[PDB]
Amino acid sequence: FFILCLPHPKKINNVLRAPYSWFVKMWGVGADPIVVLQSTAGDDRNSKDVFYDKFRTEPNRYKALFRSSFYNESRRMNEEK
Amino acid sequence: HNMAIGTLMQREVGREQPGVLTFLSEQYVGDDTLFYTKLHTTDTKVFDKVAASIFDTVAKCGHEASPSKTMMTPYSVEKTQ
Amino acid sequence: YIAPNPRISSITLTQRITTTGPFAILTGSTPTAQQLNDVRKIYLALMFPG
Amino acid sequence: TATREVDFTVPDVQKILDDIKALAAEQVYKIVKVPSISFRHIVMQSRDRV
């Protein structure tokens, strides 16, 4: 990474930070056994009073969803970037 | 302005592909929206048409939201860095 | 050897409201190599009665 | 050791309600303009009897 910016580091890093941030978001989303940290809070989706349980794994429900054309188009735009 | 756009987001999804993608939360901050929804089908064709009607609502408002910037994922969240 | 069906001793209601069985600390335990050989003696004394 | 075995003791109710809904769109019948064929004839080198 340091060799690539070193020509023009303020311009290279501003356009290479987008596929580096996108890679960490969409990493472990497609695997079939998914390990989560089981949490519990209020009925509202914005409740902050959360209680944590131990780790566990669960089968992914969205396994076949990532065969779509939304992600396949979104991945080649990031490989272009 | 994100609230007036985001309320037009839920209408066209409810009027072209009804019964899918019920909305449960609406968080609007500076230059960001965050919809906590749940998806009612793991389909390759139907989800490809629901995800197309979201971009057609923003583009027919005037803005240009990139498909590489838009996030539609089950197990990842970014909100205010 | 067949362990019993794990949902016999616990029912889950909504997402996070599950029944907790009475022997919840023994069912979530594991036999060592010595304590499993003692199990094989019990199924060696039941198939041969006297 | 807490995440080794894959879990199944909590049945996902939201998945089995999305499959009852998808079962309601199963079109059993069909709408056609002409009914299907039910008799065919073969010619035994004749002009009167098939």
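Everything that follows concerns the structure shown earlier in this document.
**So, the overall build of chain D**
Now for step 1: For chain D, the count of helices and strands is one helix and zero strands.
Now for step 2: For chain D, the C-alpha radius of gyration of 28 Å lies well beyond 10 Å, the compact-globule estimate for 50 residues.
Now for step 3: Going through the 50 residues of chain D one by one, you find that 2% of them count as buried.
Now for step 4: Here chain D has roughly 5600 Å² of accessible surface; of this, 60% comes from carbon and sulfur atoms.
Now for step 5: Distance between charge centroids for chain D: 20 Å, based on 8 positive and 7 negative side chains.

**Examining the overall build of chain B**
Now for step 1: Helices and strands together make up the secondary structure of chain B, namely two helices and two strands.
Now for step 2: In chain B, the order of α-helices and β-strands from amino to carboxyl end is α-β-β-α.
Now for step 3: Taking 81 residues into account, the globule formula puts the C-alpha radius of gyration at 12 Å, and chain B, at 12 Å, falls close to it.
Now for step 4: In chain B, which comprises 81 residues, the share counted as buried stands at 31%.

**Overview of the arrangement of the chains**
Now for step 1: A comparison of contact numbers over the five pairs of chains in contact places chains A and B at the top.
Now for step 2: For the non-touching pair chain B and chain C, the nearest C-alpha separation works out to 15 Å.

**Notes on the pattern of salt bridges**
Now for step 1: In this structure the tally under the stated criterion is seven salt bridges over all chains.
Now for step 2: Salt-bridge contacts for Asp12(D) lead to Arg61(A); the nearest nitrogen and oxygen are separated by 2.4 Å. Of this pair, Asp12(D) sits in the segment before α1 (13–23) while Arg61(A) sits in the loop between β2 (51–59) and α3 (69–80), each in a different chain.
Now for step 3: A relative accessible area of 38% places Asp12(D) in the partly exposed class.
Now for step 4: For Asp38(C), the salt bridge identified is with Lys41(C), shortest N-O distance 3.4 Å. Of this pair, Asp38(C) and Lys41(C) are both found in helix α2 (residues 33–45), three residues apart, which corresponds to roughly one turn of the helix.
Now for step 5: Judged by its relative accessible area of 35%, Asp38(C) is partly exposed.
Now for step 6: Using a relative accessible area of 51% as the deciding quantity, one classes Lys41(C) as exposed.

**A few points about a nonpolar patch on the surface**
Now for step 1: Nonpolar side chains collect at one region of the surface, where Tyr1(C), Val39(C), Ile42(C), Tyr43(C), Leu44(C), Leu46(C), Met47(C) and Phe48(C) lie side by side and expose about 980 Å² of accessible area between them.
Now for step 2: Along the polypeptide, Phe48(C) turns up in the segment after α2.

Conventions we followed
- Residues numbered from 1 in each chain as written, not as in the entry; some residues may be left out.
- Chains lettered and ligands numbered in written order.
- Part of a larger assembly, values for the part shown.
- Heavy atoms only, no water.
- Helix = DSSP H or I, 4+ residues; strand = E, 2+ residues; numbered from the N terminus.
- Rg over C-alpha atoms; globule rule 2.2 N^0.38 Å.
- Buried < 20%, exposed > 50% of the residue type's maximum accessible area, 1.4 Å probe, protein only.
- Areas by Shrake-Rupley, 256 points an atom, 1.4 Å probe, with all protein chains shown as cover.
- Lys, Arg positive; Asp, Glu negative; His and termini not counted.
- Charge placed at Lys NZ, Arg CZ, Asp CG, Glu CD.
- Contact = heavy atoms within 4.5 Å.
- Salt bridge = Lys/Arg side-chain N within 4 Å of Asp/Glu carboxyl O.
- Patch = residues over 30% accessible without salt bridge, like charges linked within 9 Å, V, L, I, M, F, W, Y side chains within 5 Å.

Function cannot be inferred from these measures alone, as they are strictly geometric.
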